[PDB]
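Worksheet: the structure to be examined is printed underneath.
Chain letters run A, B, ... following the sequence lines, proteins first, then strands; residues in each count from 1. Scope of the values below: all heavy atoms of this structure, side chains included, with no hydrogens, waters or symmetry mates. Counting starts at 1 for both ligands and their atoms, in listed order.
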Amino acid sequence: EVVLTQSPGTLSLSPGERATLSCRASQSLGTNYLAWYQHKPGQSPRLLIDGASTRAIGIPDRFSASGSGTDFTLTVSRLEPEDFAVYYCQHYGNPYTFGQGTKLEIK
Amino acid sequence: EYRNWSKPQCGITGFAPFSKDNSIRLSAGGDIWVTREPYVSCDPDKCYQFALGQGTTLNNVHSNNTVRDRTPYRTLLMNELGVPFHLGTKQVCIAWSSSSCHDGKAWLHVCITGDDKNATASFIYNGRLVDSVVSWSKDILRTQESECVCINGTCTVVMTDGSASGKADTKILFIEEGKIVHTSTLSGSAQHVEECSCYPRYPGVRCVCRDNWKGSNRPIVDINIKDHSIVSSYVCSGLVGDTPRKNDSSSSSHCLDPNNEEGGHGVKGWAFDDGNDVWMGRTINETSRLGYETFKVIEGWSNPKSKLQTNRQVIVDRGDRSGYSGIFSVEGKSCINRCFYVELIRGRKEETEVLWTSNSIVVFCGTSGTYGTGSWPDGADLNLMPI
Amino acid sequence: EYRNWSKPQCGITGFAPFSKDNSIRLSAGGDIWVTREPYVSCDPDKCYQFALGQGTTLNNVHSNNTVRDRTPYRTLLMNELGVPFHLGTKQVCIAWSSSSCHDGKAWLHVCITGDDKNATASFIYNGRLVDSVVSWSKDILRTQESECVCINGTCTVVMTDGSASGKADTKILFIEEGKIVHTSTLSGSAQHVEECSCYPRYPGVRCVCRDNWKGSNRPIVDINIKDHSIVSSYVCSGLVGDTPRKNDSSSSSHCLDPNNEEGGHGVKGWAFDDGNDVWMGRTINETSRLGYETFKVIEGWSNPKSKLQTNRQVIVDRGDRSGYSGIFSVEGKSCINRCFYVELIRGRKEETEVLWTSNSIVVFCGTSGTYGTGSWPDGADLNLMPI
Amino acid sequence: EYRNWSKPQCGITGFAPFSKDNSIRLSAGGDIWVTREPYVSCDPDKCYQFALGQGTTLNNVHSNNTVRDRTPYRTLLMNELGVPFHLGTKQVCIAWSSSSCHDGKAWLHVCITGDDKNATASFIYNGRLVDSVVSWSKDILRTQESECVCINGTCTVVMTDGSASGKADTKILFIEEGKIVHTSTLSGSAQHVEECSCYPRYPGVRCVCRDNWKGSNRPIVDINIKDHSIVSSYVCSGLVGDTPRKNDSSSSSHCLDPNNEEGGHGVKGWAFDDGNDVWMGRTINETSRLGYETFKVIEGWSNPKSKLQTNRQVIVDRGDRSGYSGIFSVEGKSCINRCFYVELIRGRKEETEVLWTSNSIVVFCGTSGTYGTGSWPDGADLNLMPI
Amino acid sequence: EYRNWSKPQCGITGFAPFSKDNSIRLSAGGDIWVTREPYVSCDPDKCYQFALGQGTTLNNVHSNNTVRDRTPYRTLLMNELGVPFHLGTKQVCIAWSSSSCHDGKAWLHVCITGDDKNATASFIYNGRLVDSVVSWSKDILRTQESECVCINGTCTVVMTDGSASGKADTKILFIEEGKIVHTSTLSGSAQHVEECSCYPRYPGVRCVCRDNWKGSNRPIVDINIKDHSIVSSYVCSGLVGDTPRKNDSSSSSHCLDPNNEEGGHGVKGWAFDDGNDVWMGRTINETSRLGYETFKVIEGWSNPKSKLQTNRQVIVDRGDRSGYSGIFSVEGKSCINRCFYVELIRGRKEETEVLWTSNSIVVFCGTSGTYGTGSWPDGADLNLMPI
Amino acid sequence: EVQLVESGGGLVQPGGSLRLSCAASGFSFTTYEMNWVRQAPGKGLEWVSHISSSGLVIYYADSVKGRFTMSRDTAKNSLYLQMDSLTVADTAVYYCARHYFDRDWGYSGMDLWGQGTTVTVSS
Ligand SMILES: *[C@@H]1O[C@H](CO)[C@@H](O[C@@H]2O[C@H](CO)[C@@H](O[C@@H]3O[C@H](CO[C@H]4O[C@H](CO)[C@@H](O)[C@H](O[C@H]5O[C@H](CO)[C@@H](O)[C@H](O)[C@@H]5O)[C@@H]4O)[C@@H](O)[C@H](O[C@H]4O[C@H](CO)[C@@H](O)[C@H](O)[C@@H]4O[C@H]4O[C@H](CO)[C@@H](O)[C@H](O)[C@@H]4O)[C@@H]3O)[C@H](O)[C@H]2NC(C)=O)[C@H](O)[C@H]1NC(C)=O
Ligand SMILES: *[C@@H]1O[C@H](CO)[C@@H](O[C@@H]2O[C@H](CO)[C@@H](O[C@@H]3O[C@H](CO[C@H]4O[C@H](CO)[C@@H](O)[C@H](O[C@H]5O[C@H](CO)[C@@H](O)[C@H](O)[C@@H]5O)[C@@H]4O)[C@@H](O)[C@H](O[C@H]4O[C@H](CO)[C@@H](O)[C@H](O)[C@@H]4O[C@H]4O[C@H](CO)[C@@H](O)[C@H](O)[C@@H]4O)[C@@H]3O)[C@H](O)[C@H]2NC(C)=O)[C@H](O)[C@H]1NC(C)=O
Ligand SMILES: *[C@@H]1O[C@H](CO)[C@@H](O[C@@H]2O[C@H](CO)[C@@H](O)[C@H](O)[C@H]2NC(C)=O)[C@H](O)[C@H]1NC(C)=O
Ligand SMILES: *[C@@H]1O[C@H](CO)[C@@H](O[C@@H]2O[C@H](CO)[C@@H](O)[C@H](O)[C@H]2NC(C)=O)[C@H](O)[C@H]1NC(C)=O
Ligand SMILES: *[C@@H]1O[C@H](CO)[C@@H](O[C@@H]2O[C@H](CO)[C@@H](O)[C@H](O)[C@H]2NC(C)=O)[C@H](O)[C@H]1NC(C)=O
Ligand SMILES: *[C@@H]1O[C@H](CO)[C@@H](O)[C@H](O)[C@H]1NC(C)=O
Ligand SMILES: [Ca+2]
Ligand SMILES: [Ca+2]
Ligand SMILES: [Ca+2]
Ligand SMILES: [Ca+2]
């Protein structure tokens, strides 16, 4: 009964700062089956980070993620106007669960 | 003519360097197959290296996203030990899961390809397809990824079908000249048995396998070649050989059941017994496939709660990448030697500066003499290699 | 020493994957020959793969316009089955039409080259030119494009000279150690005979050919080795094996005559009888060489109205490109096994993304055991491949 | 075990295509040796292609100005006939002039290298340097550039040393297992002898050479193995075989003296006798190495004045480039077959769009059967090839 | 079956060219291994070339900094003599220091790798690791870097361990079928012994090594295969073969002691006695490894103070780069021939236009015949080669 | 190039039925796990159901369990979501997503997504 809790909500930054996206698990996942997705409105969700540490094929080098146990973090080093969207953390191990999401806003 | 392996096991004080292909380093200039899950198997004259190719070379557009284990284009490549997998390499069968045997007369290749729900295991002996079997559990049918063992012309192969954490059916197939003459289901105290490193222990075959759900201790499959009777257990050493695992201080083993310690994943590895002691290899990192070490555990084959290391050797430095490892046996003048290979995986899902996943190997053989120290990593710098 | 093929036919429940060369995928990085019209033939020890090269590699300025069938630079390449046609491949003769034989002692190669209306057929046995014959109809002299069959030192090859849209002069040549000892004009009810897939049906040879003139049912040539007698008919099965053809609902066969159903073109294919049943392979697509399926037609070798299919296997997926297919026989321990290859044509006149035409090959062998499903296409991405 | 060539000459009605190299076409993509002066020799089992490499591949910076004939980096390359000279090719000796023999037991390689005025001939038999000789005229020591002939364990090589335009010192060397047992000075009516195309004419050896000084007719050297006697003459054929030459209407021969007709230069060629008739090959162009034709001259071996021609074959089209040509003999079941190769030179000093000079080969073998027409040129498009 | 080398030494008037690889010239286009420290060793049938690879090709990002002597990626490459080290080359062991033997039955490879202060020597016989020994002086363990000698199945290898500029521990190892049966500490007058060029001098083995500590004259090791006794001395020729050295007018030698004349460094070389005369090779340059010459010194084996040389040959011109040189013996029909190789080093630390360090090899064999002059350098142009 | 295209979405009456279809272009369904993911309007992503490459349905969302049937047909390379007794908590944009199970490495993230199909349940 893991409950993926995304600590930041409706976060706002500027094109070039550092984004810190947090995903807290209620209990220890027991594996690295933690994934991050980018969901721009009107577009299909895009896998950015797989295995809580591995950047997907074709994802820009800005996106990096780390973490284990219960707390997992996704960090965009330098924001760009494309990177403003809703970000989801997914646990694709048993039990399957998504995060409520966290959206990046322009300041 | 038929290999029987009746000689005793050679006295082993450690392992000496034997072979290294430098596959990834040679890939930067030159056309080298993209491979994974390699192993070494020897005919009574010379040793051969095997690997599951990805139907592509490294400096190729098709090497992009080669991390997946099952594609229709995977084939079993076969060279002499030492010859890198160049374009002249013979792919002997279609397989994303393979096992190879030499019985003293001819090569036996067990090759699994096809759909995940409906996989075919083709049995090729002396260059001809002699038999084939379909999946019994209608799941990913898989085999050792290493050498199988033949005694008196009867080769034994461990094949698993099902989920690595759900229900999985493991069968031992007895093959004579490419024909499946008997099939016995797995019986004993081991439940998740996969990627067995098998070696001849006359009059039987002993396999050290990989547990993917519950245990970080390695399962043992004992096969009586005469009666076709199977016995299952686990390795008794308190220093477990699977990755992931717990520290050497906090780990435990039961060797009649899984230890239930960080056992939800695994890696192919090997172990063989020296009287009451066990010779084993593992990654130096307890969580990732980083580094490789071998050592002998005192009474580690019979007594749990034993953490007495000796004769430790660093094969791959802890900072360097390792992968699958397995055992292969070479008949000597008067005894049977135990050798092992280590797969050195480089590429995607752990190194994101390239789009491909491939490996080199380093081979060590048991020695009764003396040896020094060292480290034999892959050695390729991926920052300058073609992406 | 001489091969007699006296063993019975192995009980076949289907076919298991045997080999896959991945030629086009390896062409993207690496020097691989441009080939077409491949086939497989085996000596009593190994299986070899043959193809008609275009005198060029794929990543070459000369791979442009390799869609032409007959050029002076075409040679017959010969590698071990599994070894891709790399730069070390031996071209055994000059040929844009070929057929290869191993009589148990040495290889026979029938190689046709020269002018379209004055072609020369060279007969090369044991690495020597033993005999030669000129085109008798002064049109494109062609041969089986697959393995020929030798019984007791006497090899038989089917050669055609004439038009592809009308009556042609088909001859059966009996060759002993490279020397033409007898030449028999085709006799029987088969009206157009081309690119025969021949297998040893002891005491004779049975060839399943293509009718390029007036039939989508495949012609049969029955050759008696002892008497040099020729008998011609058609595969009676209502599920016709040629491409183009009609749909499975409207297809028909006469078992003595061409069916006059989309028979103006054709593709090289194969079929062999299992009692009254026929095992056949064909393209899944009725009009194009897309996909490949193999099945058994119940009473398909004797009943012209039977459309009862069973034991269907998908070799190449419906959307993927097939090509020529042919049969080759392998002597087992107790019977003769039937195997088939499928050419996977990629490139020009169908795929305009590249300037070249080439192929890959996938090989399947008959099995008495069980098997699953799957699909083994060429798998090269031509959008990223060099033009 | 020692070859005696005691069988009669095969009845020859013409020549059939045997082998094509396609080396230059493959050089556009792929690493292929830069070669010139090739020839074909066969052991009792199969045939091998030889060529003088330039120490470089074609797509190479060192391929520049490879028109030079004598460099320290030139070596004799040896592959099986049909295997292009790729990077795995074995260079068997250092040589810018070479001749190769198989005596039925082992290969004999005669290799000349070193300084122009102090060249060394190395005699390598069965992989070992057995003998060696220095230049006797202190000029460019040169040998046949084709296969030499061994009978009953004694191999014979024709060596020339001295002026290329003027009287030179020609010696016939008898070699037994790599050891020079006898050296005979050329005797007879031939004045200039170079690059002899020799074939076994039991009980002796007959060589058809090139006169580079005063004759467009080709000299003949008749070597008796039994008593090491040498006699010399020319070919009586009114259709001379050297290039340059006069046209067919104005040419002439004497077969005791050179015809003094445009004999200032020459090209290596071949001829052999069929009773009183002669089979010969030459360039179609009377002044340039363009095209290649073979034909039979009626009474051409015994009658100067004969210009009657028959059985003409175009090997290389008139507008396509040719080069050196030589003969090689193959033992058959009951008869000795005469085969020839044609070197297809492409590159510098005649084509200035590339900086390199290299060649391809095409091989034809004599046939008692029928044959058609055709042309088998090099076929590489040098306008698109790398420099 | 076993080799005894009991035939007498062939008479030597000099040396004739035998083989040349042109490795660097072929590296400009094509995938060629980066090598150094090569040697030649022959089985009873054919000769093989060996080299210490750097785990990379020349046209490769990993060829940078290949001037390092000891890396984990160095392997012993083994090709037939003449075949360049292409991507199909077999690497038979992990080694940055190597020596290879054929005893008449199987190959023995002595391979040293690992840490400089803790190194392992692996003994691989007939494709199997048979024995291993650790460094005894805990310094850079090194071996001959040339062929070793087996007499009656007993192979002798010379191993040094310790300071390169001081007293080092040299051991002579007696190996029977890969197993170390005896180990003798070096005894005699030679103080520093390294990289011995050993040849069979029946009933024993004679080695000519380099004194890297205090002598420009070459140490001599005499090994009796039966008694196992070791005696040491120095080459008495007043013309010393080590580089660096003093000029011929100023250089002096000693029959028992190092001459203390520019002896602080050295190069691998060779020498053998012909009665009281010595046949030796050295670099033409007295201080650098530029050029290579061979000559015979009259009474140069039994008399210090003899500076009377004869039969001088220039192998590599004085302006061209040379490197390590060693001897190897080839059994003839009736005598044992002495042959030598010269390594032609090109690249970094002396030519800074490229980032890599590699070598070519030129092979000469002794002859009783005559020979001319010449020069056979590497011939690559590094200004145009890839960096 | 690979692609996932869904179809069959549209207006449905509460307590009705709808069959969603997703078609694969480049890859094959016989080696990839396939999933249904929905986004309710104003809410985050929800994992509806997961099917293995072997054809077994490993997972159903607790809300949809017993009401949604997910199947596939590898012959037509199509994925189906048979929806039954639809409520107002089922209107969402439905995605067919693809991820892989590795014999060695286990499961990976869902890297291939479709365009999305809209299901609306009202009145
Ligand atoms: C040149 O090369 C040679 C050959 O490769 C080297 O010789 C080898 O040296 C290694 C050094 O480690 C020997 O390894 C053996 O490993 C045991 C120690 O490993 C510890 O580390 C591993 C992983 O790092 C962990 O499992 C343990 O570490 C911790 O473990 C738990 C944690 O919970 C704790 O309880 C521990 O305290 C640790 O914190 C391992 O301990 C060790 O078992 C083994 O045996 C020696 O030590 C024990 C303990 O006292 C003795 O009982 C035993 O007899 C050994 O000690 C002596 O052994 C012989 C007896 O004469 C002699 O060598 C010495 O007297 C020695 O003191 C051992 O250390 C490996 O055996 C050895 N191989 C040989 C000799 O063939 C050389 O070192 C190398 N030389 C150089 C200069 O580099
Ligand atoms: C894992 O792999 C194995 C081995 O590859 C698979 O088993 C194979 O499954 C295939 C399915 O295609 C079996 O093919 C057989 O084909 C016959 C019907 O032809 C069908 O194929 C083609 C195109 O699809 C068409 O010709 C047909 O369509 C229509 O054709 C004409 C129209 O002109 C009509 O007249 C036809 O009626 C069709 O409508 C078909 O689509 C047929 O022999 C066979 O069908 C079985 O069931 C029918 C009942 O309707 C029986 O009459 C018939 O005798 C067959 O019965 C068998 O069924 C199972 C099979 O074991 C047994 O329980 C029964 O005892 C009996 O043997 C079938 O469809 C192929 O034979 C089979 N190979 C084997 C078993 O070796 C597995 O499916 C696969 N598993 C997976 C992927 O999960
Ligand atoms: C490696 O493979 C990926 C997957 O095909 C390629 O990226 C895709 O490219 C297509 C077309 O641009 C896009 O529709 C996909 O969204 C891309 N996938 C991802 C996740 O980025 C990529 O281009 C390939 N890389 C190289 C260098 O060839
Ligand atoms: C081996 O692993 C154990 C954990 O299983 C380590 O002990 C724990 O260390 C962490 C980090 O300080 C603490 O949070 C825990 O409270 C410790 N105890 C337990 C039982 O969890 C131990 O330190 C590790 N040993 C080494 C050398 O790494
Ligand atoms: C031996 O080789 C050295 C170079 O390795 C030669 O020395 C160079 O000679 C030139 C002559 O103009 C000088 O300008 C250089 O400074 C010298 N050294 C170098 C490193 O280039 C030397 O002449 C050669 N020959 C002899 C007999 O010593
Ligand atoms: C050396 O071995 C060969 C093997 O055939 C033998 O003939 C020869 O006599 C041997 N010589 C000695 C002295 O043992
Ligand atoms: Ca586990
Ligand atoms: Ca037709
Ligand atoms: Ca002339
Ligand atoms: Ca010195």
Side-chain angles (χ1 to χ4, degrees), chain A residues 28 30 32 68-70, chain B residues 160 163-165 168 190-196 208-220 234-235 238-254 257-269 271 282-289 307 318 324, chain E residues 160 163-166 168 190-196 208-220 234-235 240-246 251-254 257-269 271 282-283 286-289 324, chain F residues 103-106:
Chain A
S28 268
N32 305 291
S68 300
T70 69
Chain B
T160 307
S163 293
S165 291
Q191 183 65 260
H192 308 87
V193 160
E194 265 161 8
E195 329 203 294
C196 296
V208 166
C209 314
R210 150 185 185 175
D211 194 314
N212 266 310
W213 163 23
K214 280 146 50 83
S216 47
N217 44 355
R218 300 207 169 262
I220 302 171
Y234 286 78
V235 179
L239 305 166
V240 298
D242 200 32
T243 317
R245 71 183 171 265
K246 300 184 61 66
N247 288 328
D248 306 305
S249 49
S250 64
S251 81
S252 317
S253 189
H254 183 286
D257 294 305
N259 58 5
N260 300 295
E261 305 179 348
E262 261 275 285
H265 179 251
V267 60
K268 185 188 171 57
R282 56 180 201 184
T283 65
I284 305 188
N285 196 312
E286 304 116 2
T287 46
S288 44
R289 299 170 182 186
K307 273 140 188 274
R318 55 168 333 121
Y324 278 17
Chain E
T160 315
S163 174
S165 43
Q191 309 192 27
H192 205 252
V193 159
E194 249 191 31
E195 295 173 353
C196 293
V208 170
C209 323
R210 61 184 266 189
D211 191 313
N212 214 70
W213 173 23
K214 63 217 303 213
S216 45
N217 39 358
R218 298 210 172 261
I220 298 168
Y234 278 86
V235 172
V240 298
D242 199 50
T243 323
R245 52 174 198 270
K246 301 178 75 69
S251 84
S252 74
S253 191
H254 201 281
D257 298 333
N259 54 357
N260 298 298
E261 292 175 342
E262 305 262 82
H265 187 53
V267 65
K268 192 211 194 334
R282 57 180 196 189
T283 62
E286 295 95 335
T287 36
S288 182
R289 299 167 180 182
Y324 278 12
Chain F
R103 193 200 327 147
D104 177 24
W105 299 108

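- Shown are B:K246, B:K307, B:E261; of these, the side-chain hydrogen bond (donor to acceptor under 3.5 Å, both in side chains) with B:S252 is made only by B:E261.
- Each of the atoms 1 (C), 2 (O), 5 (O) of ligand 4 lies under 4.0 Å from some heavy atom of B:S250.
- Note that atom 28 (O) of ligand 4 has protein non-hydrogen atoms nearby, at separations under 4.0 angstrom.
- Among protein heavy atoms, atom 26 (C) of ligand 4 sits closest to B:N247 ND2, 3.2 Å.
- Rounded to 10°, the angle that O of B:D211 and O of B:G263 form at the Ca ion (ligand 7) is 100°.
- Within a 4.0 Å radius of atom 16 (O) of ligand 4, the protein contributes no non-hydrogen atoms.
- Nearest heavy atom pair, residue E:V193 against residue E:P219, reads CG2-CB, 3.9 Å.
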### Message
Quick one, E:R245 with E:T283, criterion side chain to side chain contact (heavy atoms under 4.5 Å, CB included). Give me CA distance, side-chain angles, the key distance, then yes/no.
### Response
CA-CA 10 Å; E:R245 52 174 198 270; E:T283 62; 3.5 Å; yes
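- Protein heavy atoms are absent from the 4.0 Å sphere centred on atom 20 (C) of ligand 4.
- Aromatic ring pairs are classed by plane angle as parallel below 30°, tilted from 30° to 60° and perpendicular above 60°; the pair F:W105 and B:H265 is parallel.
- Short contacts between ligand 4 and B:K246, defined as distances under 4.0 Å to a heavy atom of the residue, involve ligand atoms 5 (O).
- Distance check on atom 2 (O) of ligand 4: some protein heavy atom falls below the 4.0 Å cut-off.
- Rounding to 10 degrees, one finds that the Ca ion (ligand 10) sits at the corner of an angle of 100° between E:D242 OD2 and E:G215 O.
- Between E:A190 and E:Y234, the shortest heavy-atom distance links the atoms CA-CE1, 3.6 Å.
- Salt-bridge formation is detected for the pair B:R218/B:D242: a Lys NZ or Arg NE/NH1/NH2 atom is positioned less than 4.0 Å from an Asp or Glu carboxylate oxygen.
- Within the coordination shell of the Ca ion (ligand 7), defined by N, O or S atoms under 3.0 Å, B:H265 is present.
- Across all their heavy atoms, E:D211 and E:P258 have their closest contact at OD2-CB, 3.9 Å.
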